[PDB]
Structures are given as structure tokens and as C-alpha cells.
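Before any comments, here is the structure.
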4 protein chains.
Amino acid sequence: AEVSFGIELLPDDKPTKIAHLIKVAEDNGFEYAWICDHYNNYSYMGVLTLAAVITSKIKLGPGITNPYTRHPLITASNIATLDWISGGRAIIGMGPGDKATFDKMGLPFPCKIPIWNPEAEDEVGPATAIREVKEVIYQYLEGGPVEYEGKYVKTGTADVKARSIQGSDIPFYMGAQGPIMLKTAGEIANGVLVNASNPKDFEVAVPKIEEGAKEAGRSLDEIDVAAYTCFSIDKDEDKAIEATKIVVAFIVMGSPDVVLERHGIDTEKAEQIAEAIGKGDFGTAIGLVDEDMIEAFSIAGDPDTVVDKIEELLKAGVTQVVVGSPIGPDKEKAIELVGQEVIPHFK
Amino acid sequence: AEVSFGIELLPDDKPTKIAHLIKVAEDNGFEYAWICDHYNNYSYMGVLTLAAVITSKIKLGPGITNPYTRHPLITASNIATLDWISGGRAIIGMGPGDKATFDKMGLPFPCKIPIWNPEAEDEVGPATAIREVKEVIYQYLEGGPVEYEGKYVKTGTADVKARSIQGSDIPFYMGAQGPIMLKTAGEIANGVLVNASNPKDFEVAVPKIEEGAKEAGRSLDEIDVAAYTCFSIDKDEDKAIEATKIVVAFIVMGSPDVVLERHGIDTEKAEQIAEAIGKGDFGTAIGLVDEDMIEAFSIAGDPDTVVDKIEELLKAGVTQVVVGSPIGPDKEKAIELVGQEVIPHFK
Amino acid sequence: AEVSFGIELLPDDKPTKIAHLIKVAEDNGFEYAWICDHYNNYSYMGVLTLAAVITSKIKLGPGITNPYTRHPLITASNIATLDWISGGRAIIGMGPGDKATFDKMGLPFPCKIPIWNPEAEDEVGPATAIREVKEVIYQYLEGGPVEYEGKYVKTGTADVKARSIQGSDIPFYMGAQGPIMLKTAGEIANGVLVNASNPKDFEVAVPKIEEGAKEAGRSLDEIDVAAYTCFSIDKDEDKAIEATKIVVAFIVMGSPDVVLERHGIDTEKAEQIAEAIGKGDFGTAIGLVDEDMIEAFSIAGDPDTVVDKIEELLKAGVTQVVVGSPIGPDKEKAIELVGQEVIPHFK
Amino acid sequence: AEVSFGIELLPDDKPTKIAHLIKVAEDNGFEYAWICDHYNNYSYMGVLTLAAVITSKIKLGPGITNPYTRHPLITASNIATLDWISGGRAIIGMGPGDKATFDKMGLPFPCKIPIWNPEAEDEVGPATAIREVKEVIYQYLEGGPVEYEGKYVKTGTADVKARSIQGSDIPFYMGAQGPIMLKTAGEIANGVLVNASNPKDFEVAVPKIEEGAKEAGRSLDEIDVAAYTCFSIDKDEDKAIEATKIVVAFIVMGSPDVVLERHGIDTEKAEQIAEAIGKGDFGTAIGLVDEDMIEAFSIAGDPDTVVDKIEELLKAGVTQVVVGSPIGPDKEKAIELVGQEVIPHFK
Ligand SMILES: [Cl-]
Ligand SMILES: [Cl-]
Ligand SMILES: [Mg+2]
Ligand SMILES: [Mg+2]
């Protein structure tokens, strides 16, 4: 897979601002734009349809949605609709849901409910649910009728009228953190969205993606390994680094101990950070974030530093660098700084 | 409620055509535009967001969506997003799902699964599910956090960031056919979407809506009674009538016997029509549709005939006339004929 | 005329940012959005059409265009097109051109060329050119054919196919600074756009607008007197005031001596400012701007100060307060501060 | 130049319909969309900006605009704005104006007024005016400042802030009918828009375009020779042919005698057609159009016939086939028939 840059925006801000930033990213050479799917924010279909209207080249899609909060045939319809309206630019980001959001919604997490197979009662693994949603979506994109009986979803004979433009050429990316999801993604996905920003995370993740690819007779180069990063760039390195703190603080808090161990993180001023958060004291949280946490969980600094860090990620197997929150002290100026002083070094 | 005209479009056609027709309706004085929610067609969020971009005054919303195929917090987010993007023009159409579509999806119908309350197993009546989805949506529109524990949905503490423009002023319309849904709609809805086109249907339905309104201390005039009609208008009455046949044939097929009895329908050349359909022989189906079926199940003819029919519906309690399929031999010319020779008679 | 708030944006920034800011203004209660017409920036038709797509209620139009750089029939077409696409929200801002821009283009200023009457050679006064362009535009909006023979424009029999939505109800605002333009605007315009921010300017201008209105048998209340202001608002008054300096410096430079005299301006540290500018030394320019210049040529400060200043403008006859550059240190936060803490005081 | 298909739409219809048809063309493989520039219709900037929002791949631009009705710096701004909003898809179509429209506007035709050089009085040839407008536009697209002193336009030092995306890569197409314009286009244009639909017209035109190209050291293959055709396609050849009549009737009327001679046209039932038109009797006009006129002035018939006709045009040097009015009995179905049964034969 060729090297590319993506942008991931949480749609909590005004939809028109989110659309405007995606146009700035397109104008600056970014090739992918991912919009998160959480009920508490503006809906990905509304925000991406508005972004589709305001852009012409960048690929657009949910990053990431899930098999549970909407029937897979509804997700298929959304993707086909976004693809048609955008002139064939849709992409799919699919994951297993997320704990913080599912707890708020009232859904269990991991969610093992065979929600869309009414006659089943047996729990279903999230990786299996994702495989099934994928089959339903692509049967829909091929024009149907969709006929699928799995453990998590069982359809009737579902005819399809809506047509996309790319059809089954729409890329399927899977969110993956653990070994099971990483292996499944190497087997069935066009790409993998890994929430990580450091080469060490990919030295661990890529071999597992490759293991799944081999079992499917695929080469690792058929898979776009996308790093969903905490990213911060500014001509003033100190300012860029400072902007990452609140985000890194939350990352440190939600990182399993093997991840903290991997990055040699002060497990003391960790969780101690988790106590500052949840307590609503983000001020002490930010104060506790040190240089090792910033190096482990973000790509931050001036263009030179950022370019150096991306070179190391690419060596570790990353092929799509997704610029995520905070992006930079000023999001728009940050995107432009990436297009002007980072992307040209990788063309 | 004041008299108004709405338009209902199935989004199976190109999204840009559907958006264009909604703009033509707005330009012609229609005040509501309803887009159906069926997985087999383009998604209502994509189509309505595109229509929102291409229009400025007409109210926009799903007509009708349901409590089952998406978590109610996702439906709330969709509505708040459409409202924000449209500058405060969203409306909600909520029903219990529909048999033809749910069978295709693999969901039972009626759907009594307490889908969004994982710890519950007991069946829940569709009217109760609709009441619960309504509470969740309006808690979301008030800014949350949404905290609701019902029989069909149980949430955690769901904070909300997305903000709409109308907030809880967004109108809530309920689809209703039977006595239980009609009474529930009079109790909790700003309006009722009744799939019918004849005064006799409303002479039966309105008293039941009124019964629910009284139990909630409301006057019937607080409720917009909307007729979701089979509508066909043309300067050539014969051409208008002919265009209704395929649609009336399907209506005749899916009408319970009390409805056929109500309209004195030839129960013989009924079901005989149902056999022509399902058999894929629509040609004999159309040939069987007679004048009584057309009078019972559509508003069809030249402007004079249409105006006369609407006057009788208004006398029966209808306050919003929703022009639905086929609309007319030429949909755009039909919409214009309504704006030029029908609406001015009712202003 | 009722009290209203408008926003004026120079379209030198990204079109999507300009459109986004207009949506923020609409969401905050602004009722007018004016986009300047200068060849060096993005075109008003492109920017306003994009803004029309992203908004639903705010009125939109050029503020201000002119009779010279485009044939009046082309300007009419632009206005009818913007009106149709926006669902009947167009407004017209028409002035005589501007020296800085016309010099750059190569056109004389004042421009007295009977540009659009090929057989004429005699000079035509700008106020007469504006009267003629107005007649051509409204004949076009009435559906034509336009047939007009004046001193500045002579048409053939120009049929018109394009239709607007408001027709001749589209408001005609005239830019006016001197006595002749002010009187003409009171006679023929629905509103007047006066580049000024202080009550003293309106105590001079309003009586002249009123004189023209009386000669046309009109009451002054039929005319929307709009102040095109240098505006700066922030919760930190000092920060708001500082943001106005570069803009006030340019205003001081281009102000005729009667205006400087009117505001008791240090004519010494004036022109001395004009020498700093033109010399490219804006740093000394800003340093020279004092409190009297800021009070004379801008509405700047915290919400309390701003509200007090608007009250005095309204007493002087202003009915539309147009928030113009810089708007505030952060344009979007400034617009929101106006919607939250200024507009509600005037409702 | 590679073979491509374009679509040319007169914007007299609803802007949203024109935008929708351009999206249908894009979805069907058309690579260019041209919108005429006549004051009596909706403005090209409004219609193309709306089309830009609704499309993502097709190239968009005025086809054709002119040097006279707007200052060339305003045309430059329009093009840069359309290019930016469309994500770098703008194209320029530039011609000398047109008699029917200029007479209606009151401008002479040919228009030889040095309109934009106030100190000049000497007449300027239209080909020279087009060369000058081209220089001004590209200086603007290079970022300026534009400084140009010609016979038809003389600017001051015109700085430029607006930026396009393609910069000087935006293609410049010139409308050309006669020898002088054809030669000029071969010398200075990326393409030529020739109003003709038959191989004989191109056997005459191409050598002249080639003569200009050689004088500029260019190969004929650097020039996209675009046929602006009267086009009509339908699965029913007779229906397709019938749809061309009104349009061919007008073409026959406005064709110089050398063109009528070239196509062996009955000069009797010609002008006799011109008398039916202008007299408002289009019914006799259509009745007079014969097979030779249809063969000479349109590409009409079923897909097989159309494909055969395009093959002959390509042999005559055409490289872009522009489908123009009527397009087909049903414009949308016609566009789809071209994408499904014509374009694939030429890929
Ligand atoms: Cl959805
Ligand atoms: Cl223009
Ligand atoms: Mg686009
Ligand atoms: Mg709108």
C-alpha cells in the first residue's frame, strides 16, 4: 500500500466547521477523512454528507462505526448513499463499539448480543459480528438481494434498490487493537485502523495483521495499515507538545498495563492521572503528563520532528498516517503545516 | 392546526432528483417534506441532509422511521444533526416499523423485542416502544444527559454534546393506523401520519386521536392530522387516474377486510389483485383496479376534482394533506399544478 | 424599520470559512449577511451561492456591488439566481465602485463612463448610473422584457427567462457617503449602507436620507439605515479594542478632513498614519491609533460597552447594525458573543 | 488529446435540475460540463457553483463566456472561485459574445469597443480582445499582481488574493467558427469549441486550428477539438430524430450560406424556415426540417446510429463530443443511454 495521510475529526463541533476542515485537508493533500460515530455527537451520516457536498477528492467515511447500534442493512444503505452523493469516495471504518460510549448507551461492552438474529440467544464474538456485518454490506453493495444467516445477523430475502458508485470496490477498514481483531483484519480487510502513535505499537501489531493476511493468501502489501494518532504540529515545538497533554492524559488513563510497560511509562504517575480524571481535575492531569508519555502516545512537535517520527512509523509498517486530535494548537493552521512541510517529504 | 401541504417521497430515485423535487415543492408552497426510512433505499439521513442543503424553508424529516433498526440515541443524534444543518427545520415521523420491510430485514413484525434493554427479555408493545423512544429523543434534544430506564430501552448516563436549533420544539409525528396507535398519538404527538386518502378513514380515525388527546388534557386542535395519501394530479383527469392504478393495486392488496368493507370494495376483484401481485403480474393487477378502489384509496384527477376531494378530507379533520406516490404522471409538473391550482384555494 | 443585525465579510478567506461564519451568524440571530464585491477576492456570486447552500434563514447579497464592472443585466441575473437558489433570501447592495479597487482595475474613479450605452459619450453621474441600474434590475425581476434607454445603459428588447422567488420584493440597498448619494438613497432605496460607526456620522447622514425620502413621498421609517461598522467585541475589552487598530488606521487614512474634524481627530497623528501605511509600516500605524480614533471609527469593547454604543447609534437613526472587520479577535467567538450578550438586549 | 464526452446545458431550467443533470452526466462517464453565459438565463456562476457542490469529478465551466459583459478581472475571479470550490475542476470557455444576446443587451455585435481601456477609443478585433482577456486571467491565476496594458483592457497594478487550486493548469477553451478565431485558438488555446455536428465542418475547421498551432510551435494533439453538437439519442430512432427539429430549424436559420452550401441544403426550404421563425410559427418550421438538415446539423438516432456518427467525427479530428440541446426526448434517460451504450464503445 502507498503512503497516504488521513484526518480524523470528532464531530462535536459545528458540522460546517468539520466540513470546512475536511476541505482544508483535501486542499492540502490528505486522501482520507474519517468521522467518528458516537451518539453523543453529530451523526456521521449528516456530517459526512455535508462534507461530501463541500469536497471533491478526499475519501470519506465513518471511522469507526460498529455492528450494534444500527442494523447492518441500515449501515450498508448509509455507505451506499454516502458513496453515491460523494461521486464514489466512500470508505468504511468498522470496529466493535467502544466501552465509554456503550456504557453511556446502556449496551454491554464487549457487546456479544446476537442483536440482529431474533431467534438466536447465544453470545457472539465481536470479531464474528464484524465478519457478518462485512458480508451483509458487500452483498448490499453488489446489488443484493442480501440473504445471510449468521450467528449475529439473520436476514430474510432483502432486495436492494439503492446503488453506490464504487460497488464492492468501497474499501473496508477494520478497527483493531488486540490479537484477534488484528488477525481478522489481515484476513478480511482492505485496511486496519490502529489507535496508536509509536513504532513499538506497530512492531507488535503488524506481524499479527500479516499472520491473518497469510491465512487468506494475501500479501501484507494489500493492506493499508493506518495509524489513528494523537497528533500535534506547530512551528513552535513547545506549543505543539503542550496541546497534546489533555489528550495524552486520557490515553495514558485508558491504556492496558502491557501498553504502559511497552513504553516504559511511570505506572505511578499513571492512574494517578486516571484519578485526576474522573475526578474532573484535568489541570493536575495535564501537569502529570511527562515526556515519555508524549513520546509514547502522540506524534508531536515542529515539522522536522514530525517528519522524523513519521519516517520511523513507516519503517514499522504504517502506510496511512491519520492525523487526529488535537491536530495542532490551531487545527486549520496545523493541517496546512502538514500539507506544506510534512506531506511533500513523503509525496 | 392550520391547513398545510406536505410531500412524501420514497428515496429509491437518485438523491439529487429527490432533493430537486423537494425544492420544487418548497417553491410551490409545500411546508413539509417526508422521506421514508427503508434499508433498501437511500438512507433518510443522506437524502434529507442533501435536501437540507438545497432548500431553505420547507420542514424536513423521516416519514417514518422506527424504534428498532437504530438505537434511539442514534435516531436522536440524526434528528438533532438534520435540525442543525437545516437551520431549525427538522420534523420527526415515528412508527412501529412495517411488515414488508421487517420481514426482508429478518426482524419480527410486529416487533416486540426489548432490543435496547439488554437485561430485559419480556416483549414490549410497539406503542410503548414509541413512547420510550420519544422520551429518549426529547431528553437528548433538551441537552441531556439522557437517563432513561424503560421496558424497551435502558440507557446509562448518556451525556450529549450535539445541539439542535429548535430543541424540544421539533415536532413529533406518529404513524398510526389502528386504535391503540391512534389513541397514543393523540396523547403524546404533535401530529399523526395516517396512511389513508378518503374522508371515511378519518371519520373513524379522528375520534380515536381525539380520545387520546382528551386523556392528556389536550384539544384536538393541538394535533396536526396528516393524511399520507396516494395522490395523482394532471390537467388531464384520465391520465391522473391511470397513474394511480399500480399504487392503488398494492393498497387494495394490503388493506384489512374492515377497510375493504368500509369502502364497499369488490372483495372478489381484491386479493384476486393480490394474486396478480406476488405473482409478478402487475399488468392484470392494474386492469382490475376499478373506480371504487381509486375513490377509496387515492386522491386523483384534475385540479377541480382534487380540490373537491381535499375539501371533504378537511371536513373529516385532516389538517395536513401529504401528497404521496405517484404524485402525478410527471412528478415535477404535478407538484407545480398543486402549487398553482390547488394550494391557493386553501391558502 | 425594525432593529436588526447584519454581518459583512470580505471574501479573501477560504470560501467554506466565509460560508461557515455566515451560518454561525444566522444561528446567532443575525438577519443579514453582506459579501463585498472586489475582483481581487473570491467572487460574491460563488461565495454567496455556497453560503446559500449552507444556510436557511439569513438574507444574502452583495455588499456592495456596482454599475460598472458587469453589465446591469448580468447583475440582475446574478441577483435573481442567488434569490432562487436561496429560497427567496437575496438582497442587493449597490454603490458607485471604490477608488482603491477601481484604480487597480484601470477604471477611473469616480467612474462617469456611460459604459453600457455604446452610442453615448457624455459623462454620467454615479447617482444617475445607480438609478438606471436599479430600473434595469427591477424590470428583470418583474420578468421583463427589459427595455430601457438611459444615459449610462441602453438595452435592446431583453427578454428574461430566469425567475427569482421574491421578484420585486428583493430589497435594494444603496451605499452612500456624501449628500447626493444619501439623498438619492432616501428617494429610491429600501435601505442605505453607510460606512460609519459613530452617532455623529448618522446625525449628519440621516437628515439627508430623510430629505430624499420626503421628495419621494416616503417616510423615513420605510428605510433601513444600515451602519457598516468597524466592529470588535471580546469579553476582554482591551483585547477587543486592540483588534480594531489596523482597521481604524486605514479608516483614519481614508477619511476626508470634514470627517476628521467632526470627530476631533489629531490631524497630525493622522496622515502621519497615512505615511506609515503606503510605506508598508503598519506597526507604527497601529501604534499611532489613539482612543479618539477608536471611539470615532469603530464600535469596540466588551458586551456592555458595545450595547451602550449601539443604543446611541439607534438613537441617531441606525436600524441595521452591520458587524464588520475585524468583528473580534476570534471572528466566530465574536459572532457568538454578539448573539448571546448583545442582540437579546435589542431583540 | 484523448477522446472525451462533455455536456452543454442552457441554464434556463431550474438550477437544481441543471445541477442534477450534471451529476447524472458525471455518473455516466462524461468528463466536461459546460454552462452557457446569457444574461436572460440563470447566471453561470450561480448554476456552476451549485453544480460544483453536487458533483465531484466532472470538469465545470462557462461555455462560453465573453470579454465584454464583465471586466476580465471579474471573469478571472469567477474562474478562480469556481476552481477552488470545486476542488480544482474549473475550465474556461471564452468566445466573442453572440449576436442574438448582444442585440438584446444593447451591445454592438461584433463588439469592437475597447470597453476596459478607458483612455482608448480605437476599435479592437474580437480575437485580440480574447487574447487580452486570456493574458489577464492567467496573470490572475498565477497570483498576480496583474499588470497589463493592451488595446481592449488596461489595468492598474491589480493585486490578487483569491487563489485557485489548478492555477494556470486551468484549461482555456475558445469558441471559434470563422478562420480568424480558429487560427487564434490553435495558437493560444488548450481547446476549441466549435458549434457544429458534422464531419464536413471539421474537415474545414481542423486544418485552420492546426495552422495556428504550428505558428505557435504546437502539435495539433495538444488541442482538444470539441464539437458543440445538437444531439438527440433514444432507443427509438424516430423519436430521437423528431426531438432535434426545433433546434435544427434554428440552426438552419442562422447558418451562413457557405455552410448551407457545404451541406447541400435546400436553400429554398431554408430562410423559408427563417420566415416561419421570427414569425413565431415554429410549427411550420419543424415541418420543413428535412433529413439532410438533420444529418448536417445534429447527431441524432439510436445508439448504433450515434456511435457511427461519432466515429466519423473522430476521424475528422474531433476529440471531445459535447452533447447539447435537445440531448434527447428525456434528457436524463438520454444521458444514461450515452453512458451505457455510446461511451463504452470509445472508452
Ligand atoms: Cl443512521
Ligand atoms: Cl458575475
Ligand atoms: Mg464535490
Ligand atoms: Mg438552505
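Here's how to read the names in the C-alpha cells: chain A, B, ... by the order shown, residue numbers from 1 in each chain, ligand numbers from 1 in the order shown.
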Within 7 Å of chain D, which residues belong to chain C? Use only C-alpha atoms and report them as an MDAnalysis selection string.
chainID C and resid 12 39:43 45:46 49:50 69:71 73:74 77:78 81:82 103:107 118 154:162
Selected residues written out, C-alpha atoms, as an mmCIF file, in the first residue's frame:
```cif
data_model
loop_
_atom_site.group_PDB
_atom_site.id
_atom_site.type_symbol
_atom_site.label_atom_id
_atom_site.label_comp_id
_atom_site.auth_asym_id
_atom_site.auth_seq_id
_atom_site.Cartn_x
_atom_site.Cartn_y
_atom_site.Cartn_z
ATOM 1 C CA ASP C 12 -10.462 36.956 0.972
ATOM 2 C CA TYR C 39 -12.114 41.441 -8.193
ATOM 3 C CA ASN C 40 -9.094 40.647 -6.033
ATOM 4 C CA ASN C 41 -11.069 38.415 -3.693
ATOM 5 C CA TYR C 42 -13.302 35.410 -4.284
ATOM 6 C CA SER C 43 -16.375 36.354 -6.309
ATOM 7 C CA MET C 45 -21.663 35.012 -6.626
ATOM 8 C CA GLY C 46 -19.520 31.981 -5.824
ATOM 9 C CA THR C 49 -24.132 30.673 -3.598
ATOM 10 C CA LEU C 50 -22.018 28.453 -1.330
ATOM 11 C CA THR C 69 -17.663 46.101 -13.750
ATOM 12 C CA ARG C 70 -20.589 43.980 -15.043
ATOM 13 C CA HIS C 71 -23.480 44.863 -17.329
ATOM 14 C CA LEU C 73 -28.446 42.738 -16.919
ATOM 15 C CA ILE C 74 -25.677 40.394 -15.690
ATOM 16 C CA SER C 77 -29.313 37.689 -13.480
ATOM 17 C CA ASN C 78 -26.878 37.144 -10.525
ATOM 18 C CA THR C 81 -30.127 33.343 -9.384
ATOM 19 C CA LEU C 82 -28.954 33.879 -5.795
ATOM 20 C CA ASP C 103 -7.540 52.238 -9.658
ATOM 21 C CA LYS C 104 -6.175 48.686 -9.526
ATOM 22 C CA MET C 105 -8.605 47.576 -12.253
ATOM 23 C CA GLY C 106 -7.739 50.513 -14.501
ATOM 24 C CA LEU C 107 -11.172 52.140 -14.305
ATOM 25 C CA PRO C 118 -22.382 52.411 -26.753
ATOM 26 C CA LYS C 154 -29.341 51.471 -23.208
ATOM 27 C CA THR C 155 -30.735 47.986 -23.775
ATOM 28 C CA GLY C 156 -32.421 46.379 -26.746
ATOM 29 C CA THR C 157 -35.588 44.343 -26.048
ATOM 30 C CA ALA C 158 -34.122 42.000 -23.482
ATOM 31 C CA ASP C 159 -36.373 39.067 -22.713
ATOM 32 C CA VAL C 160 -35.877 37.263 -19.425
ATOM 33 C CA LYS C 161 -36.322 33.615 -18.643
ATOM 34 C CA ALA C 162 -34.732 33.329 -15.190
#
```
Check range 53-263 of chain D with DSSP on the backbone and list each residue it calls helix (DSSP H, G or I), as a ChimeraX atom specification.
/D:53,72-85,99-105,126-141,167-169,179-188,199-215,220-222,237-253,257-262
Identify, counting only C-alpha atoms and all ligand atoms, the protein, DNA and RNA residues located within 10 Å of ligand 3, and give them as a count of residues only.
28
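For residue 179 in chain D, the non-local neighbours within 8 Å, defined as residues at least 2 positions apart in the same chain or in other chains and counting only C-alpha atoms, are residues 177, 181, 182, 183, 205 and 208 of chain D.
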Spatial neighbours of residue 28 in chain C, max dist 7 Å, only C-alpha atoms, sep filter under 4 positions, as a ChimeraX atom specification:
/C:24,336,339
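Atom to atom, CA of residue 341 in chain C and CA of residue 91 in chain B stand 29.5 Å apart.
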Just want the 8 Å neighbourhood of residue 131 in chain C, counted on only C-alpha atoms, with same-chain residues fewer than 4 positions away dropped. Output as an MDAnalysis selection string.
chainID C and resid 127 135 188
Selection from above, C-alpha atoms, as a short mmCIF file (atom, residue, chain, number, x, y, z; two decimals), in the first residue's frame, can you write it?
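The result, stored in selection-v1.cif:
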```
data_model
loop_
_atom_site.label_atom_id
_atom_site.label_comp_id
_atom_site.auth_asym_id
_atom_site.auth_seq_id
_atom_site.Cartn_x
_atom_site.Cartn_y
_atom_site.Cartn_z
CA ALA C 127 -26.02 58.53 -8.72
CA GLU C 135 -34.52 50.28 -13.10
CA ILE C 188 -35.15 55.19 -4.32
#
```
Applying 7 Å and only C-alpha atoms, which residues near range 247-258 of chain A remain after dropping the ones on its own chain fewer than 5 positions away? List them as number ranges by chain.
A: 270-271, 273-274, 285-286, 289, 294, 297
Can you work out the spacing between CA of residue 262 in chain D and CA of residue 201 in chain D in Å, to one decimal?
8.2 Å
Quick one: residues within 12 Å of residue 310 in chain C, only C-alpha atoms counted, chain neighbours fewer than 2 positions away excluded, as a PyMOL selection string?
chain C and resi 3-5+197-199+226-227+229+231+298-301+303-308+312-323+338+342-343+345-346
DSSP says strand (DSSP E) for which residues of range 231-345 of chain B? Put them as a PyMOL selection string?
chain B and resi 231-233+299-301+320-323
Could the residues in this selection be saved with C-alpha atoms as a short mmCIF file (atom, residue, chain, number, x, y, z; two decimals), in the first residue's frame?
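Result file again.cif:
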```
data_model
loop_
_atom_site.label_atom_id
_atom_site.label_comp_id
_atom_site.auth_asym_id
_atom_site.auth_seq_id
_atom_site.Cartn_x
_atom_site.Cartn_y
_atom_site.Cartn_z
CA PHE B 231 -52.10 11.29 -4.88
CA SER B 232 -52.30 11.93 -8.61
CA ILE B 233 -52.95 15.21 -10.35
CA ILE B 299 -56.98 11.50 -4.37
CA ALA B 300 -56.85 11.58 -8.16
CA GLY B 301 -57.97 13.80 -11.03
CA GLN B 320 -52.00 18.35 6.57
CA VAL B 321 -52.51 16.83 3.12
CA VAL B 322 -49.41 14.79 2.23
CA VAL B 323 -49.04 14.26 -1.47
#
```
